[PDB]
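Report on the following structure.
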There are 2 protein chains.
Amino acid sequence: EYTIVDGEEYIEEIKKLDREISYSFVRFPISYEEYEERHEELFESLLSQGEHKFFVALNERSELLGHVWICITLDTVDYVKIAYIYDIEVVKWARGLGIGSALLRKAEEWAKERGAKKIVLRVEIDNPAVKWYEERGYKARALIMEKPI
Amino acid sequence: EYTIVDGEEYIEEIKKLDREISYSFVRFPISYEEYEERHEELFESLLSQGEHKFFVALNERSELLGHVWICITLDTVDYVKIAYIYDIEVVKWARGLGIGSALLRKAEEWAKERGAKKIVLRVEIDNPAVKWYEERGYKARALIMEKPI
């Protein structure tokens, strides 16, 4: 059992959980020490400018079950207000309870209240979650292309 | 490609890598913040008792590739000096270069210098690592039995 509330006071815990989770997806042979510093840098960098909102899912003991990180910004193609989701993460043992879906609905509701015209997010092309988002009304508009150098 | 040296100077980096690695095997529904605090507590209490030795594998940029943590203690059945291996860990992208194998040889060599009569360690029962140790002269002497309450 859980509630979804503002997560401003949980940013440190969110940062640490994100660091733990994200490491398994890194494709370059960097040291964990190098990863930690870069993760810290990027996280603060993204957090430093703009209108951010965190929602957290908490249990009865106020422990962190998951979060969504939203940023209100301008669309680089449409030049309208949008809500960009940086991530949605759920603790491994709490997955299957519908918490991620609930956090997304909450984000979508907050976005509309703030006057956003779209929710926008990045999904890895190999990730089976693409279908999960499509079922929830998300459509791929663009590709992130990469070349190694 | 890599060297094996004393790892006293790398304890903080070892601790963080072990924190990252160990979290995958936690079978109880605890928060990551809870895990982190308990991991720190336990690491410190083990490090406080006995004679400890660390070896690290370092690449050309002096990045941590892996480590072994050795404790010289007494055997609870035979009452002879032994070296207990708390940990041997190699980073995911450095696996398959015999680094783990080399770290264990160094540990065995150091244990012998200290007058240990055995190397002892714990391996999880359905872990494929069981055969890896068996190949190197290790034999199962006892079982860690557990009952949930």
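Where a number appears in this text, it was derived from the coordinates with a stated rule and is not lab data. Cβ coordinates were reconstructed from backbone atoms using ideal geometry, including for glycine residues, and neighbour counts include every protein chain displayed.
Condition check ((1) out of contact with any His (no Cβ under 9 Å at 6 or more places or on another chain); (2) exposed (fewer than 12 other Cβ atoms within 10 Å of the Cβ); (3) under 22 Å from A:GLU12 (Cα atoms)) across all residues:
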position	(1), (2), (3)
A:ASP75	yes, no, no
A:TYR84	yes, no, yes
A:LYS106	yes, no, yes
A:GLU113	yes, yes, no
A:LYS118	yes, no, no
A:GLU146	yes, yes, no
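Give me a count of the residues in region A:132-144 that are closer than 19 Å to A:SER101 by Cα and surrounded by 10 or more Cβ atoms within 10 Å (Cβ to Cβ). I'd like the intermediate steps shown before the answer.
The initial filter retains those residues of region A:132-144 that are closer than 19 Å to A:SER101 by Cα, namely A:132-140.
From the residues that got through so far, the ones that are surrounded by 10 or more Cβ atoms within 10 Å (Cβ to Cβ) too are A:132-134, A:136, A:138, A:140.
So the count comes out to 6.
For region B:116-149, what are the residues that are basic (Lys, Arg), under 22 Å from B:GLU89 (Cβ atoms), free of Cβ contacts under 8 Å to residues at least 40 places away in the same chain and in a loop (DSSP other than H, G, I, E, B)? First the steps, then the outcome.
Taking region B:116-149 as the starting set, the residues that turn out to be basic (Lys, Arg) are B:117-118, B:122, B:131, B:136, B:139, B:141, B:147.
So of that shortlist, the ones also under 22 Å from B:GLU89 (Cβ atoms) come out as B:118, B:122, B:131, B:136.
Adding the requirement that they be free of Cβ contacts under 8 Å to residues at least 40 places away in the same chain leaves B:122, B:131, B:136.
Correct list: B:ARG122, B:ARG136.
Can you tell me which residue in region A:47-57 is farthest from A:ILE99 (Cα to Cα), limited to those that are among the hydrophobic types (A, V, I, L, M, F, W, C) and buried (at least 18 other Cβ atoms within 10 Å of the Cβ)? Outline the logic, then answer.
Residues of region A:47-57 among the hydrophobic types (A, V, I, L, M, F, W, C): A:47, A:54-57.
Going one step further and asking which of them are buried (at least 18 other Cβ atoms within 10 Å of the Cβ), we end up with A:54-57.
On the way: A:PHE54: 14, A:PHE55: 11, A:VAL56: 10, A:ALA57: 7 Å.
Across region A:47-57, the extreme among qualifying residues is A:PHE54.
With respect to A:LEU64, is the statement that it is under 18 Å from A:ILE21 (Cβ atoms), out of contact with any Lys or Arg (no Cβ under 9 Å at 6 or more places or on another chain) and surrounded by 13 or more Cβ atoms within 10 Å (Cβ to Cβ) true? I'd like the intermediate steps shown before the answer.
Details: under 18 Å from A:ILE21 (Cβ atoms): yes; out of contact with any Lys or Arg (no Cβ under 9 Å at 6 or more places or on another chain): yes; surrounded by 13 or more Cβ atoms within 10 Å (Cβ to Cβ): yes.
Criteria met by A:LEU64.
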